[PDB]
Structure formats: structure tokens, C-alpha cells
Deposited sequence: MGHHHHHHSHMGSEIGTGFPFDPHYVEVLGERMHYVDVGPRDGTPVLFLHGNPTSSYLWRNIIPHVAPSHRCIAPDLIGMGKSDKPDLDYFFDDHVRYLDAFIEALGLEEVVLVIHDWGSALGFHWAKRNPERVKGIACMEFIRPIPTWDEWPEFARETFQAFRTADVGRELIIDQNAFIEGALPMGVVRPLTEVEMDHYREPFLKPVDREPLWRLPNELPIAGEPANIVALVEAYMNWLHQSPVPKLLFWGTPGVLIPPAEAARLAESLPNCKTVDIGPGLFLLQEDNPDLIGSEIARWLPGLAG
């Protein structure tokens, strides 16, 4: 299933920390020290590590900022329920703590829900959005791909799901490498495993799949996601959408629809890809973001 043949495994970024709502959040901060930054938002079950091979394409021209979401990566681990709303609160405060004004967003998965939700609420501060495998409402399980349907239905329970994700670390050991076409190496996996070595620290990994808007639940997330999707369809903000085949959250047919239904939207085919497109073709993702940036300002 996993086909293979140079994707870098190192993380050559100095750590930065900022105090946000009584907690330390870790972030990458490279490139120019001022000017419009490009803000990279990872989703589940990743961290700023997800962007390690994309950032170097952008850092020559723009400040690059990539936070680790609260409870993830190298950020602190407060005793939260880690609902989407918790991530909204911490990211909002992170952005303000850095004094960011106008930004360009580069977003994925739950980072895309964060990014789109933030953009909706702050539309005057978003110069452009690059996105890939983003969250939109999923009307029924019929539309969720069969290869991962029984798995994600099991994840979305309080007994079986917590046993799988918290006790057996199945989201890291199972779902993560399943979301990449090529085989992730032990080194890359160990980077991803690092924040979750202890079962008690896996709460964020269980709550996030339980927050996905599937079959109308949870209703608050469904409504929130519908709201930012409605915003996106009427917004003239420049959009760059990366998609793979067969993809997972954004299949080729959905990408094609969005190419027409989203204003000012350019799409890029990265080739083979499932969920973590950044791990299959970071070169093209990085280079195309870089090609797109000059057209946004100046």
C-alpha cells in the first residue's frame, strides 16, 4: 500500500516560546523579523514539525511563524478537555501575544478549521489562504472513505475510542502513517510520537476526531464549520488549494468543485496523496506557496 522510490527528517529551527493564558506555547519563527508573516497551522496529530520541509521555501521572502497548538508539539499541556473551542482560545491569544496584524495563512486539518474561523472573524487581517485537506461538514458516514470508516467510528466513542487512542496510542501508531502514501520513517515517527509518550497526554488526540463534523454531530462544530464555509464561498480572499489523489478530506472531485465555487481560488495537484500531503510532496507545496506570495501584496 505504501510506495517508496529526499524528504528531510530534521527540524532545524531554534525553539521560541511565548506565555499565553498562563501556559508556554512553542513556535517556529524564521525569515525576516518584520513585515507580513506567513502563519502555518498544523492539525491532528501533528505539530510545527509537519511544516519543516515547506517553511524553507517561504522563509527567504517572508517571516514564517508556526505554533504548536496547546497540548501538542512542544507546547505546554494544561489540564483541558481540548475541545476545538480550547484551541480557538489559545490560538487567538497566541496571535495577539505576538502582536500579529495582517497575515497569510497556510493551514491543514484542525489548523484549517482554526484558520478559516479566525479569518471569518478577522477578515481585514488575512491577505491570503493556502490550504490542503481541510475540514468541511461530512453529511453521512457513507461519504467517509471505507478504508478508515470502522476505525474512525470506533474512535468516536467514549469507551472503545479512548481505549484505542489514549491507551493504545492508535492515532499515532495507526492513523498517522496511514495518512501518508509513502512510508514514514522511524525518525519522522519518533518526532511525531514525542509529545504523546505518556497516555495521560493523549487527550487532545481523542477529542479532535470526536469534534469532526460528521452526520450533524457535534452540532456546535457543524454550525461553526458551515459558517466559515459560507464565509469562504463569498470572500474574495486569494486562495491556494493543494489536493492529492485520492486524498481523504478533499478528494479530486471536491477540489474541482471548489475551484469553481470559491472565489479567487487556484488549485494545485500534488499527485499521490491521502491526508498529510506535506509528507508526500513538500517540495511542490513549498515552491507553489512561494510562487503565489508575490501576487498578494506590494
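- When the deposited sequence is numbered from 1, the segments without any C-alpha atom are 1-3, 9-13.
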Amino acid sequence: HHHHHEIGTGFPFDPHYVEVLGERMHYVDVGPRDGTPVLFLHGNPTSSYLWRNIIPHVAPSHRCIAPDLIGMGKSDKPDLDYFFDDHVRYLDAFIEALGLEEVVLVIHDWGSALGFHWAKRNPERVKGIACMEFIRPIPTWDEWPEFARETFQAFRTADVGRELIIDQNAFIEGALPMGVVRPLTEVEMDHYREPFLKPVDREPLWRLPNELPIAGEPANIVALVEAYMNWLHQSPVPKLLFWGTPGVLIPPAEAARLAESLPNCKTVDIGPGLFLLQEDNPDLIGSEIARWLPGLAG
From here on, numbers count along this sequence of modelled residues.
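- On average the C-alpha atoms of 96-104 have higher B-factors than those of the other stretch, with 208-216 and 96-104 being the two compared.
- When the mean C-alpha temperature factors of 186-194 and 155-163 are read from the deposited coordinates, 155-163 comes out higher.
- For the set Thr46, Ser61, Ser235, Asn53, the PDB entry puts the maximum C-alpha B factor at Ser235.
- Out of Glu288, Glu23, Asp280, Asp14, it is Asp14 whose C-alpha atom has the highest B-factor in the PDB entry.
- For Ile70, the recorded CA temperature factor ranks within the lowest third of the chain's modelled residues.
- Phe116: CA B factor lies in the lowest third for its chain, per the PDB record.
- For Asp76, the recorded CA B-factor ranks within the middle third of the chain. Only modelled residues enter the ranking.
- Ranked within its chain, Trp110 lands in the lowest third, by CA B factor from the PDB record.
- In the deposited entry, the Cα temperature factor of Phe147 sits in the top third of values across the chain's modelled residues.
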